[PDB]
$ cat my_file16.pdb   # PDB, C-alpha atoms and all ligand atoms
ATOM      1  CA  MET A   1       1.611  11.158 -26.490
ATOM      2  CA  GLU A   2       2.763   9.983 -29.888
ATOM      3  CA  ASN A   3       6.017   9.173 -28.136
ATOM      4  CA  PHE A   4       4.674   5.721 -27.200
ATOM      5  CA  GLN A   5       3.260   2.553 -28.728
ATOM      6  CA  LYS A   6       0.707   1.481 -26.144
ATOM      7  CA  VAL A   7       1.288  -2.298 -25.965
ATOM      8  CA  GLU A   8      -1.557  -2.936 -23.523
ATOM      9  CA  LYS A   9      -3.735  -1.617 -20.759
ATOM     10  CA  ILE A  10      -2.262  -2.981 -17.510
ATOM     11  CA  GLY A  11      -5.218  -1.967 -15.370
ATOM     12  CA  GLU A  12      -7.178   0.846 -13.758
ATOM     13  CA  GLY A  13      -5.417   2.530 -10.848
ATOM     14  CA  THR A  14      -6.796   4.961  -8.278
ATOM     15  CA  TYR A  15      -6.324   8.048 -10.474
ATOM     16  CA  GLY A  16      -6.629   6.735 -14.021
ATOM     17  CA  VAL A  17      -5.658   4.063 -16.512
ATOM     18  CA  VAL A  18      -2.190   2.454 -16.453
ATOM     19  CA  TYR A  19      -0.656   1.316 -19.719
ATOM     20  CA  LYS A  20       2.333  -0.718 -20.684
ATOM     21  CA  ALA A  21       4.006   1.284 -23.431
ATOM     22  CA  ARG A  22       7.171   1.317 -25.516
ATOM     23  CA  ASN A  23       9.194   4.522 -25.877
ATOM     24  CA  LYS A  24      10.158   4.796 -29.564
ATOM     25  CA  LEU A  25      13.369   6.800 -29.200
ATOM     26  CA  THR A  26      14.887   4.593 -26.483
ATOM     27  CA  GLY A  27      13.060   1.331 -27.184
ATOM     28  CA  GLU A  28      12.452   1.303 -23.406
ATOM     29  CA  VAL A  29       9.261  -0.346 -22.113
ATOM     30  CA  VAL A  30       7.619   1.539 -19.318
ATOM     31  CA  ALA A  31       4.339   1.928 -17.501
ATOM     32  CA  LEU A  32       2.379   5.068 -18.205
ATOM     33  CA  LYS A  33      -0.240   6.485 -15.887
ATOM     34  CA  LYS A  34      -2.746   8.930 -17.331
ATOM     35  CA  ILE A  35      -4.152  11.152 -14.626
ATOM     36  CA  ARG A  36      -6.710  13.849 -15.341
ATOM     37  CA  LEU A  37      -8.926  16.375 -13.595
ATOM     38  CA  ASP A  38     -12.192  18.148 -14.386
ATOM     39  CA  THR A  39     -10.428  20.547 -16.769
ATOM     40  CA  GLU A  40     -12.713  23.461 -15.807
ATOM     41  CA  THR A  41     -11.548  23.692 -12.165
ATOM     42  CA  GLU A  42      -8.145  24.024 -10.438
ATOM     43  CA  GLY A  43      -6.909  21.844 -13.297
ATOM     44  CA  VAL A  44      -3.787  20.032 -12.308
ATOM     45  CA  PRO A  45      -3.123  21.867  -9.079
ATOM     46  CA  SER A  46       0.288  23.419  -9.713
ATOM     47  CA  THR A  47       1.077  22.302  -6.153
ATOM     48  CA  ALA A  48       0.643  18.615  -7.048
ATOM     49  CA  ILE A  49       3.030  19.274  -9.967
ATOM     50  CA  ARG A  50       5.906  20.474  -7.791
ATOM     51  CA  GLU A  51       5.641  17.856  -5.082
ATOM     52  CA  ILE A  52       5.099  14.941  -7.457
ATOM     53  CA  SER A  53       8.071  16.123  -9.520
ATOM     54  CA  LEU A  54      10.118  15.947  -6.275
ATOM     55  CA  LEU A  55       9.447  12.174  -6.198
ATOM     56  CA  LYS A  56      11.792  11.714  -9.205
ATOM     57  CA  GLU A  57      14.647  11.937  -6.663
ATOM     58  CA  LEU A  58      13.159   9.440  -4.193
ATOM     59  CA  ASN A  59      15.088   6.440  -5.640
ATOM     60  CA  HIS A  60      15.586   3.050  -3.936
ATOM     61  CA  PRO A  61      15.743  -0.565  -5.152
ATOM     62  CA  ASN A  62      12.408  -1.311  -3.441
ATOM     63  CA  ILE A  63      10.603   1.800  -4.785
ATOM     64  CA  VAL A  64       9.180   1.620  -8.335
ATOM     65  CA  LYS A  65      11.305   4.126 -10.262
ATOM     66  CA  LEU A  66       9.447   7.300 -11.332
ATOM     67  CA  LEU A  67      11.138   8.168 -14.635
ATOM     68  CA  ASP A  68       9.237  11.302 -15.629
ATOM     69  CA  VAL A  69       6.365  13.552 -14.654
ATOM     70  CA  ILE A  70       4.817  15.087 -17.777
ATOM     71  CA  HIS A  71       2.347  17.916 -17.457
ATOM     72  CA  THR A  72       0.752  18.663 -20.867
ATOM     73  CA  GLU A  73      -2.616  19.493 -22.409
ATOM     74  CA  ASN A  74      -4.675  19.213 -19.247
ATOM     75  CA  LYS A  75      -3.285  15.807 -18.393
ATOM     76  CA  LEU A  76      -0.558  14.588 -16.059
ATOM     77  CA  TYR A  77       1.384  11.544 -17.183
ATOM     78  CA  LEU A  78       3.651   9.622 -14.826
ATOM     79  CA  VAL A  79       6.132   7.377 -16.557
ATOM     80  CA  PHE A  80       7.341   4.517 -14.315
ATOM     81  CA  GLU A  81       9.574   1.478 -14.694
ATOM     82  CA  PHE A  82       7.527  -1.598 -15.767
ATOM     83  CA  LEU A  83       7.350  -4.772 -13.628
ATOM     84  CA  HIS A  84       5.818  -8.036 -14.776
ATOM     85  CA  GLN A  85       3.427  -8.886 -11.921
ATOM     86  CA  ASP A  86       1.551  -7.287  -9.014
ATOM     87  CA  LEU A  87       1.144  -8.871  -5.558
ATOM     88  CA  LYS A  88      -2.660  -8.972  -5.721
ATOM     89  CA  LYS A  89      -2.495 -11.130  -8.842
ATOM     90  CA  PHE A  90       0.395 -13.175  -7.424
ATOM     91  CA  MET A  91      -1.570 -13.858  -4.220
ATOM     92  CA  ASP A  92      -4.646 -14.879  -6.217
ATOM     93  CA  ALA A  93      -2.586 -17.208  -8.399
ATOM     94  CA  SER A  94      -0.982 -18.664  -5.235
ATOM     95  CA  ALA A  95      -4.311 -19.308  -3.499
ATOM     96  CA  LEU A  96      -4.131 -23.117  -3.722
ATOM     97  CA  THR A  97      -0.784 -23.692  -2.061
ATOM     98  CA  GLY A  98       0.058 -20.348  -0.530
ATOM     99  CA  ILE A  99       3.081 -18.144  -1.076
ATOM    100  CA  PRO A 100       5.910 -20.053   0.597
ATOM    101  CA  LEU A 101       6.944 -18.636   3.996
ATOM    102  CA  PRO A 102      10.514 -17.793   3.018
ATOM    103  CA  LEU A 103       9.245 -15.726   0.050
ATOM    104  CA  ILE A 104       6.704 -14.036   2.324
ATOM    105  CA  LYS A 105       9.562 -13.120   4.718
ATOM    106  CA  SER A 106      11.743 -11.875   1.894
ATOM    107  CA  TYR A 107       8.919  -9.731   0.506
ATOM    108  CA  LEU A 108       8.117  -8.258   3.904
ATOM    109  CA  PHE A 109      11.798  -7.487   4.591
ATOM    110  CA  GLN A 110      12.167  -5.738   1.212
ATOM    111  CA  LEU A 111       8.907  -3.810   1.681
ATOM    112  CA  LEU A 112      10.084  -2.595   5.129
ATOM    113  CA  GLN A 113      13.335  -1.441   3.522
ATOM    114  CA  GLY A 114      11.386   0.651   0.994
ATOM    115  CA  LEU A 115       9.198   2.132   3.749
ATOM    116  CA  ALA A 116      12.251   2.889   5.935
ATOM    117  CA  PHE A 117      13.863   4.747   3.000
ATOM    118  CA  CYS A 118      10.767   6.797   2.124
ATOM    119  CA  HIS A 119       9.957   7.517   5.766
ATOM    120  CA  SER A 120      13.527   8.704   6.455
ATOM    121  CA  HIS A 121      12.914  11.305   3.749
ATOM    122  CA  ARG A 122       9.495  12.193   5.252
ATOM    123  CA  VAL A 123       7.431  10.755   2.345
ATOM    124  CA  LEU A 124       4.427   8.585   3.299
ATOM    125  CA  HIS A 125       2.434   6.334   1.031
ATOM    126  CA  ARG A 126      -0.987   6.326   2.787
ATOM    127  CA  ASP A 127      -2.672   3.835   0.462
ATOM    128  CA  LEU A 128      -0.620   0.656   0.493
ATOM    129  CA  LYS A 129      -2.421  -2.429  -0.867
ATOM    130  CA  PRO A 130      -1.437  -5.587  -2.708
ATOM    131  CA  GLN A 131      -2.231  -4.080  -6.113
ATOM    132  CA  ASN A 132       0.475  -1.415  -5.722
ATOM    133  CA  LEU A 133       3.264  -3.803  -4.646
ATOM    134  CA  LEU A 134       5.018  -5.010  -7.823
ATOM    135  CA  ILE A 135       7.312  -8.003  -8.291
ATOM    136  CA  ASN A 136       9.886  -9.256 -10.825
ATOM    137  CA  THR A 137      11.390 -12.638 -11.821
ATOM    138  CA  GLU A 138      14.504 -12.070  -9.726
ATOM    139  CA  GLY A 139      12.773 -12.059  -6.367
ATOM    140  CA  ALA A 140      12.430  -8.309  -5.858
ATOM    141  CA  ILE A 141       9.298  -6.498  -4.672
ATOM    142  CA  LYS A 142       8.781  -2.733  -4.999
ATOM    143  CA  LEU A 143       6.260  -0.192  -3.774
ATOM    144  CA  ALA A 144       4.377   1.945  -6.368
ATOM    145  CA  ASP A 145       2.641   5.307  -5.865
ATOM    146  CA  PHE A 146       4.546   6.592  -2.836
ATOM    147  CA  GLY A 147       3.763  10.257  -2.375
ATOM    148  CA  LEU A 148       0.749  10.449  -4.670
ATOM    149  CA  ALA A 149      -1.856  10.380  -1.885
ATOM    150  CA  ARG A 150      -0.389  13.523  -0.378
ATOM    151  CA  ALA A 151      -0.744  15.124  -3.857
ATOM    152  CA  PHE A 152      -4.189  14.035  -5.091
ATOM    153  CA  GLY A 153      -5.909  12.713  -1.971
ATOM    154  CA  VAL A 154      -7.457   9.223  -1.712
ATOM    155  CA  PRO A 155     -10.943   9.230  -3.323
ATOM    156  CA  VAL A 156     -13.934   7.068  -2.358
ATOM    157  CA  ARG A 157     -14.246   5.794  -5.927
ATOM    158  CA  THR A 158     -11.753   5.652  -8.797
ATOM    159  CA  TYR A 159     -12.063   7.360 -12.176
ATOM    160  CA  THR A 160     -14.127   4.362 -13.380
ATOM    161  CA  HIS A 161     -16.345   4.312 -10.222
ATOM    162  CA  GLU A 162     -14.588   1.313  -8.674
ATOM    163  CA  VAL A 163     -14.638   1.338  -4.903
ATOM    164  CA  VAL A 164     -11.252   2.252  -3.373
ATOM    165  CA  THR A 165     -10.508  -0.475  -0.814
ATOM    166  CA  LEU A 166     -10.650   0.230   2.917
ATOM    167  CA  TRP A 167      -9.146  -3.079   3.968
ATOM    168  CA  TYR A 168      -5.653  -1.764   4.708
ATOM    169  CA  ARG A 169      -6.652   1.588   6.250
ATOM    170  CA  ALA A 170      -5.238   2.400   9.700
ATOM    171  CA  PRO A 171      -7.720   3.010  12.588
ATOM    172  CA  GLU A 172      -6.507   6.589  13.177
ATOM    173  CA  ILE A 173      -7.590   7.432   9.667
ATOM    174  CA  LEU A 174     -10.988   5.757  10.113
ATOM    175  CA  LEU A 175     -11.466   7.639  13.422
ATOM    176  CA  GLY A 176     -10.879  10.940  11.645
ATOM    177  CA  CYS A 177      -7.345  11.929  12.655
ATOM    178  CA  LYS A 178      -6.340  14.885  10.431
ATOM    179  CA  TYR A 179      -2.602  14.262  10.426
ATOM    180  CA  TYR A 180      -1.201  10.999   9.086
ATOM    181  CA  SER A 181       2.111   9.730  10.347
ATOM    182  CA  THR A 182       4.365   7.017   9.001
ATOM    183  CA  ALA A 183       2.586   4.546  11.271
ATOM    184  CA  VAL A 184      -0.266   4.343   8.742
ATOM    185  CA  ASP A 185       1.996   2.538   6.283
ATOM    186  CA  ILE A 186       3.196   0.080   8.900
ATOM    187  CA  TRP A 187      -0.449  -0.761   9.677
ATOM    188  CA  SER A 188      -1.235  -1.376   5.999
ATOM    189  CA  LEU A 189       1.842  -3.575   5.550
ATOM    190  CA  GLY A 190       0.929  -5.540   8.647
ATOM    191  CA  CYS A 191      -2.511  -6.259   7.114
ATOM    192  CA  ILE A 192      -0.819  -7.359   3.862
ATOM    193  CA  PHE A 193       1.612  -9.606   5.791
ATOM    194  CA  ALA A 194      -1.268 -11.375   7.557
ATOM    195  CA  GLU A 195      -3.117 -11.843   4.210
ATOM    196  CA  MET A 196      -0.033 -13.422   2.565
ATOM    197  CA  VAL A 197       0.218 -15.917   5.425
ATOM    198  CA  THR A 198      -3.462 -16.887   5.865
ATOM    199  CA  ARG A 199      -4.575 -16.324   2.241
ATOM    200  CA  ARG A 200      -7.533 -14.283   3.340
ATOM    201  CA  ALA A 201      -7.742 -10.503   3.906
ATOM    202  CA  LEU A 202      -7.426  -9.690   7.595
ATOM    203  CA  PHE A 203     -10.117  -6.962   7.731
ATOM    204  CA  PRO A 204     -12.224  -6.978   4.576
ATOM    205  CA  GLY A 205     -14.599  -4.130   5.395
ATOM    206  CA  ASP A 206     -17.192  -2.922   2.918
ATOM    207  CA  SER A 207     -17.927   0.464   4.574
ATOM    208  CA  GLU A 208     -16.027   2.683   6.996
ATOM    209  CA  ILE A 209     -17.927   1.418  10.017
ATOM    210  CA  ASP A 210     -17.738  -2.224   8.918
ATOM    211  CA  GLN A 211     -13.961  -1.758   8.485
ATOM    212  CA  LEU A 212     -13.608  -0.193  11.943
ATOM    213  CA  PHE A 213     -15.802  -2.788  13.646
ATOM    214  CA  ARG A 214     -13.871  -5.656  11.964
ATOM    215  CA  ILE A 215     -10.718  -4.244  13.451
ATOM    216  CA  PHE A 216     -12.413  -3.913  16.861
ATOM    217  CA  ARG A 217     -13.793  -7.497  16.747
ATOM    218  CA  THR A 218     -10.282  -8.894  16.283
ATOM    219  CA  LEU A 219      -8.040  -6.513  18.258
ATOM    220  CA  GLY A 220     -10.632  -5.398  20.855
ATOM    221  CA  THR A 221     -12.373  -2.027  21.002
ATOM    222  CA  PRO A 222      -9.587   0.464  21.840
ATOM    223  CA  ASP A 223      -9.735   2.385  25.076
ATOM    224  CA  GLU A 224      -7.714   4.931  26.939
ATOM    225  CA  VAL A 225      -5.577   2.101  28.388
ATOM    226  CA  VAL A 226      -4.242   0.868  25.019
ATOM    227  CA  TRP A 227      -4.606   4.144  23.093
ATOM    228  CA  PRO A 228      -4.417   7.359  25.124
ATOM    229  CA  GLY A 229      -6.477  10.000  23.315
ATOM    230  CA  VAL A 230      -8.728   7.606  21.342
ATOM    231  CA  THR A 231     -11.994   8.639  23.018
ATOM    232  CA  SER A 232     -11.329  12.214  21.761
ATOM    233  CA  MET A 233     -10.868  11.506  18.067
ATOM    234  CA  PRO A 234     -13.341  13.244  15.715
ATOM    235  CA  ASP A 235     -15.238  10.066  14.670
ATOM    236  CA  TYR A 236     -15.061   8.182  18.001
ATOM    237  CA  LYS A 237     -18.497   7.381  19.487
ATOM    238  CA  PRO A 238     -19.022   6.410  23.137
ATOM    239  CA  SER A 239     -21.639   3.987  21.757
ATOM    240  CA  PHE A 240     -19.114   1.744  19.941
ATOM    241  CA  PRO A 241     -19.678  -1.855  21.027
ATOM    242  CA  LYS A 242     -17.032  -3.171  23.394
ATOM    243  CA  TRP A 243     -15.426  -6.276  21.961
ATOM    244  CA  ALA A 244     -12.757  -8.306  23.675
ATOM    245  CA  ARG A 245      -9.383  -8.775  22.009
ATOM    246  CA  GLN A 246      -8.741 -12.131  20.355
ATOM    247  CA  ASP A 247      -5.527 -14.130  20.624
ATOM    248  CA  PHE A 248      -3.040 -13.790  17.697
ATOM    249  CA  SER A 249      -2.484 -17.556  17.513
ATOM    250  CA  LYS A 250      -6.041 -17.744  16.187
ATOM    251  CA  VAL A 251      -5.750 -14.850  13.748
ATOM    252  CA  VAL A 252      -2.607 -15.817  11.792
ATOM    253  CA  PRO A 253      -1.833 -19.499  12.113
ATOM    254  CA  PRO A 254       0.659 -21.012  11.048
ATOM    255  CA  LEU A 255       2.885 -17.982  11.634
ATOM    256  CA  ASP A 256       5.604 -18.726  14.176
ATOM    257  CA  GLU A 257       6.221 -16.818  17.414
ATOM    258  CA  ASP A 258       8.641 -14.286  15.928
ATOM    259  CA  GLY A 259       6.197 -13.498  13.106
ATOM    260  CA  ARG A 260       3.236 -13.157  15.431
ATOM    261  CA  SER A 261       5.232 -10.919  17.741
ATOM    262  CA  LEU A 262       6.247  -8.679  14.846
ATOM    263  CA  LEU A 263       2.723  -8.487  13.417
ATOM    264  CA  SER A 264       1.388  -7.538  16.875
ATOM    265  CA  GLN A 265       3.755  -4.587  16.976
ATOM    266  CA  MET A 266       2.766  -3.518  13.443
ATOM    267  CA  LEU A 267      -0.938  -3.565  14.450
ATOM    268  CA  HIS A 268      -0.717  -1.599  17.761
ATOM    269  CA  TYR A 269      -3.665   0.801  17.961
ATOM    270  CA  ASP A 270      -1.651   3.760  19.196
ATOM    271  CA  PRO A 271       0.404   4.982  16.185
ATOM    272  CA  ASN A 272       3.015   6.155  18.669
ATOM    273  CA  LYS A 273       3.430   2.605  19.952
ATOM    274  CA  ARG A 274       3.351   0.995  16.453
ATOM    275  CA  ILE A 275       6.803  -0.338  15.362
ATOM    276  CA  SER A 276       8.752   1.775  12.830
ATOM    277  CA  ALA A 277      10.007   0.263   9.586
ATOM    278  CA  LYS A 278      13.623   0.668  10.811
ATOM    279  CA  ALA A 279      12.914  -1.107  14.071
ATOM    280  CA  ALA A 280      10.977  -3.871  12.303
ATOM    281  CA  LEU A 281      14.028  -4.684  10.117
ATOM    282  CA  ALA A 282      15.948  -5.544  13.299
ATOM    283  CA  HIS A 283      13.225  -7.880  14.678
ATOM    284  CA  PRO A 284      14.361 -11.515  15.244
ATOM    285  CA  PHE A 285      11.827 -12.662  12.552
ATOM    286  CA  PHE A 286      14.362 -11.550   9.917
ATOM    287  CA  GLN A 287      17.324 -13.442  11.374
ATOM    288  CA  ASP A 288      17.113 -16.145   8.703
ATOM    289  CA  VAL A 289      15.781 -14.080   5.828
ATOM    290  CA  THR A 290      16.809 -15.144   2.340
ATOM    291  CA  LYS A 291      15.945 -14.096  -1.196
ATOM    292  CA  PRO A 292      14.140 -16.908  -3.072
ATOM    293  CA  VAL A 293      13.006 -16.629  -6.690
ATOM    294  CA  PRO A 294       9.232 -16.939  -7.177
ATOM    295  CA  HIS A 295       7.542 -19.090  -9.823
ATOM    296  CA  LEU A 296       6.381 -16.405 -12.280
ATOM    297  CA  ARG A 297       4.591 -17.596 -15.424
ATOM    298  CA  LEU A 298       4.606 -14.556 -17.719
TER
HETATM  299  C1  LIG B   1       3.856   1.868 -11.337
HETATM  300  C2  LIG B   1       3.271   1.508 -12.707
HETATM  301  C3  LIG B   1       3.410   0.008 -13.015
HETATM  302  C4  LIG B   1       4.536  -0.624 -13.508
HETATM  303  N1  LIG B   1       4.269  -1.975 -13.612
HETATM  304  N2  LIG B   1       2.966  -2.170 -13.164
HETATM  305  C5  LIG B   1       2.211  -3.413 -13.038
HETATM  306  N3  LIG B   1       2.904  -4.620 -13.438
HETATM  307  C6  LIG B   1       2.317  -5.880 -13.136
HETATM  308  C7  LIG B   1       1.422  -6.258 -14.298
HETATM  309  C8  LIG B   1       1.983  -6.108 -15.648
HETATM  310  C9  LIG B   1       1.163  -6.424 -16.820
HETATM  311  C10 LIG B   1      -0.212  -6.884 -16.617
HETATM  312  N4  LIG B   1      -0.769  -7.027 -15.247
HETATM  313  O1  LIG B   1      -1.935  -7.410 -15.098
HETATM  314  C11 LIG B   1       0.046  -6.703 -14.067
HETATM  315  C12 LIG B   1       0.891  -3.362 -12.530
HETATM  316  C13 LIG B   1       0.356  -2.076 -12.139
HETATM  317  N5  LIG B   1      -0.973  -1.931 -11.638
HETATM  318  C14 LIG B   1      -1.687  -3.098 -11.129
HETATM  319  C15 LIG B   1      -3.094  -3.127 -11.653
HETATM  320  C16 LIG B   1      -3.772  -1.826 -11.611
HETATM  321  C17 LIG B   1      -2.981  -0.809 -12.302
HETATM  322  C18 LIG B   1      -1.740  -0.673 -11.494
HETATM  323  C19 LIG B   1      -1.548  -0.099 -10.114
HETATM  324  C20 LIG B   1      -0.171   0.048  -9.516
HETATM  325  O2  LIG B   1       0.682   0.889 -10.283
HETATM  326  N6  LIG B   1       1.078  -0.864 -12.279
HETATM  327  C21 LIG B   1       2.453  -0.968 -12.774
END

$ encode --input "my_file16.pdb" --output "C-alpha cells" --more "lines below"
Ligand SMILES: CCc1cnn2c(NCc3ccc[n+](O)c3)cc(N3CCCC[C@H]3CCO)nc12
Amino acid sequence: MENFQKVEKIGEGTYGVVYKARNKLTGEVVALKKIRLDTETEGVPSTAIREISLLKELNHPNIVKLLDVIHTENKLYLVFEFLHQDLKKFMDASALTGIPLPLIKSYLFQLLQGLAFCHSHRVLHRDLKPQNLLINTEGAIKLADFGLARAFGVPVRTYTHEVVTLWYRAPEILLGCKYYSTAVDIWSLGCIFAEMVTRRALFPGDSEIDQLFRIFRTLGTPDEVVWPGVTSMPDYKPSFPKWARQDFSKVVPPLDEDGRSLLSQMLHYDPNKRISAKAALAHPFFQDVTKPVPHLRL
C-alpha cells in the first residue's frame, strides 16, 4: 500500500515479512503482515479470506488486536496492533539472570486467559511459540496469529526457507492425529512455561523423530496405560524405544510444587487428560499472582 510509511522490518514470520508501519490518515502505528501465494494457483483461497476476516471479532486484552484484513492485488495484508517486544527476544535478553518468577507467573496467567477466551469461541492457535507472544511496557502479554494455522496450514519452511520450529508441537500432532483439539495449545504453552523457568528449551528437536524421542526421553514412551489409543495413531511404530519417565523435580528446578504440578497437567500425553486453560486458571499456582512491570529497554 501507499497508505503506510514502512518504518522498519520487524522480522520474518511464518507466512511472510512483518513490518512496523505508520498509517498516514490516522497517524496510527501498526504492524503489517504481507502474506502471498503462488499467484498462478488457488491464489488466496477465498475460504482463508472468510475465516481470517472472522478473526476481526475475536477481541480480548491478551489477544493481539487484528485491525484489518486486506485482500488486494494477489496479496493478503493483515494489519495488527504493534507491541514493542516479543517473548523470544525478551527471554534471550534475560538469559543471564532469568525472567523473575512473579513475571513468569503473571505472563502464564495472562496467556491462559487468552487461550481460554479463544478456546471458548472454538478458535485454536496450533503454532504457539515465544516469537508470537508479544509484550508491552505495562506488564501485558498477548498472543499473535490465533486462527491463522487453520487458514494457511503450518509449513515445514517459511517464505524465506527458515525452518519452522517443532519444539512446541504436541505429541498427537507428531504421531499424525488428523484432528487438533485445544489441548495442542496447552501443550505448547506448557513447553514455553518450562523454558521461561529453566532458560533452556524443554524439547529442542531438529526433526520430527528427534522431537518425538526428546519428549519420550523425558516423559517416558507413552503406552496404552497413560494414553489409551496411542498405539493406533497413524505414525506410531511398535519399534519406538521404551524410555522410562523422568521425575519433574529434575526437569524444571527451581519451580515450586504448585508450578510443577500444573506443568505436569499441561504436559499429559492424552489430550483428553491434559488440563484446559479454564481449569489451569483455577490451579493453586495462581493464588498469589500479581502483575509486575518488566524492565524493557526500547
Ligand atoms: C502481530 C504483529 C506484530 C505486532 N508487533 N509485533 C512484534 N513486536 C515486537 C518487536 C517490535 C519491533 C522489533 N522487534 O524485533 C520485535 C514482533 C512480531 N514478530 C516477531 C518477530 C518475527 C515477526 C513477528 C511474528 C509475530 O507476529 N510481530 C508483531

$ atom_distance --input "my_file16.pdb" --atom1 "CA of residue 75 in chain A" --atom2 "CA of residue 6 in chain A"
16.8 Å

$ residues_near_ligand --input "my_file16.pdb" --ligand "ligand LIG 1 (chain B)" --cutoff "10 Å" --atoms "all atoms listed in the file" --output "JSON list (two decimals) with C-alpha atoms, keeping the file's coordinate frame"
[["chain", "number", "residue", "atom", "x", "y", "z"],
["A", 8, "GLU", "CA", -1.56, -2.94, -23.52],
["A", 9, "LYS", "CA", -3.74, -1.62, -20.76],
["A", 10, "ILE", "CA", -2.26, -2.98, -17.51],
["A", 11, "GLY", "CA", -5.22, -1.97, -15.37],
["A", 12, "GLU", "CA", -7.18, 0.85, -13.76],
["A", 13, "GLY", "CA", -5.42, 2.53, -10.85],
["A", 14, "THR", "CA", -6.80, 4.96, -8.28],
["A", 15, "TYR", "CA", -6.32, 8.05, -10.47],
["A", 16, "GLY", "CA", -6.63, 6.74, -14.02],
["A", 17, "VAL", "CA", -5.66, 4.06, -16.51],
["A", 18, "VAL", "CA", -2.19, 2.45, -16.45],
["A", 19, "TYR", "CA", -0.66, 1.32, -19.72],
["A", 20, "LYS", "CA", 2.33, -0.72, -20.68],
["A", 29, "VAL", "CA", 9.26, -0.35, -22.11],
["A", 30, "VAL", "CA", 7.62, 1.54, -19.32],
["A", 31, "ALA", "CA", 4.34, 1.93, -17.50],
["A", 32, "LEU", "CA", 2.38, 5.07, -18.20],
["A", 33, "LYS", "CA", -0.24, 6.48, -15.89],
["A", 63, "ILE", "CA", 10.60, 1.80, -4.78],
["A", 64, "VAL", "CA", 9.18, 1.62, -8.34],
["A", 65, "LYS", "CA", 11.30, 4.13, -10.26],
["A", 66, "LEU", "CA", 9.45, 7.30, -11.33],
["A", 78, "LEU", "CA", 3.65, 9.62, -14.83],
["A", 79, "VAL", "CA", 6.13, 7.38, -16.56],
["A", 80, "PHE", "CA", 7.34, 4.52, -14.32],
["A", 81, "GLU", "CA", 9.57, 1.48, -14.69],
["A", 82, "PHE", "CA", 7.53, -1.60, -15.77],
["A", 83, "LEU", "CA", 7.35, -4.77, -13.63],
["A", 84, "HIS", "CA", 5.82, -8.04, -14.78],
["A", 85, "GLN", "CA", 3.43, -8.89, -11.92],
["A", 86, "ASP", "CA", 1.55, -7.29, -9.01],
["A", 87, "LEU", "CA", 1.14, -8.87, -5.56],
["A", 88, "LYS", "CA", -2.66, -8.97, -5.72],
["A", 89, "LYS", "CA", -2.50, -11.13, -8.84],
["A", 90, "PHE", "CA", 0.40, -13.18, -7.42],
["A", 129, "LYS", "CA", -2.42, -2.43, -0.87],
["A", 130, "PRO", "CA", -1.44, -5.59, -2.71],
["A", 131, "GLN", "CA", -2.23, -4.08, -6.11],
["A", 132, "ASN", "CA", 0.48, -1.42, -5.72],
["A", 133, "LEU", "CA", 3.26, -3.80, -4.65],
["A", 134, "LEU", "CA", 5.02, -5.01, -7.82],
["A", 135, "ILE", "CA", 7.31, -8.00, -8.29],
["A", 136, "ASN", "CA", 9.89, -9.26, -10.82],
["A", 142, "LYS", "CA", 8.78, -2.73, -5.00],
["A", 143, "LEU", "CA", 6.26, -0.19, -3.77],
["A", 144, "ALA", "CA", 4.38, 1.94, -6.37],
["A", 145, "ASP", "CA", 2.64, 5.31, -5.86],
["A", 146, "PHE", "CA", 4.55, 6.59, -2.84],
["A", 298, "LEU", "CA", 4.61, -14.56, -17.72]]

$ resolve_selection --input "my_file16.pdb" --expression "the PyMOL selection byres (((chain A and resi 232) around 12) and not hetatm)" --output "number ranges by chain"
A: 172, 175-177, 222-224, 227-231, 233-238

$ closest_atom_pairs --input "my_file16.pdb" --of "range 137-194 of chain A" --to "range 276-291 of chain A" --cutoff "10 Å" --atoms "all atoms listed in the file" --output "Markdown table"
| residue | atom | partner | partner_atom | distance |
| --- | --- | --- | --- | --- |
| A:138 | CA | A:291 | CA | 8.9 |
| A:139 | CA | A:291 | CA | 6.4 |
| A:140 | CA | A:291 | CA | 8.2 |
| A:182 | CA | A:276 | CA | 7.8 |
| A:183 | CA | A:276 | CA | 6.9 |
| A:185 | CA | A:277 | CA | 9.0 |
| A:186 | CA | A:277 | CA | 6.8 |
| A:189 | CA | A:277 | CA | 9.9 |

$ write_last_selection --input "my_file16.pdb" --atoms "C-alpha atoms" --output "CSV table (one decimal), in the coordinates of the input"
chain,number,residue,atom,x,y,z
A,138,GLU,CA,14.5,-12.1,-9.7
A,139,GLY,CA,12.8,-12.1,-6.4
A,140,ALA,CA,12.4,-8.3,-5.9
A,182,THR,CA,4.4,7.0,9.0
A,183,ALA,CA,2.6,4.5,11.3
A,185,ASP,CA,2.0,2.5,6.3
A,186,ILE,CA,3.2,0.1,8.9
A,189,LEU,CA,1.8,-3.6,5.6

$ closest_residue --input "my_file16.pdb" --among "A:111, A:154, A:123, A:226" --to "residue 188 in chain A" --atoms "only C-alpha atoms"
A:111

$ residues_around --input "my_file16.pdb" --residues "residue 210 in chain A" --least-positions-apart "6" --cutoff "12 Å" --atoms "only C-alpha atoms" --output "MDAnalysis selection string"
chainID A and resid 166:167 171 174 203:204 216:217 240

$ write_last_selection --input "my_file16.pdb" --atoms "C-alpha atoms" --output "CSV table (one decimal), keeping the file's coordinate frame"
chain,number,residue,atom,x,y,z
A,166,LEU,CA,-10.6,0.2,2.9
A,167,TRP,CA,-9.1,-3.1,4.0
A,171,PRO,CA,-7.7,3.0,12.6
A,174,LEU,CA,-11.0,5.8,10.1
A,203,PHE,CA,-10.1,-7.0,7.7
A,204,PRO,CA,-12.2,-7.0,4.6
A,216,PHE,CA,-12.4,-3.9,16.9
A,217,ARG,CA,-13.8,-7.5,16.7
A,240,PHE,CA,-19.1,1.7,19.9

$ closest_residue --input "my_file16.pdb" --among "A:92, A:258, A:38, A:57" --to "residue 196 in chain A" --atoms "all atoms listed in the file"
A:92

$ closest_residue --input "my_file16.pdb" --among "A:205, A:50, A:179, A:200" --to "residue 164 in chain A" --atoms "all atoms listed in the file"
A:205
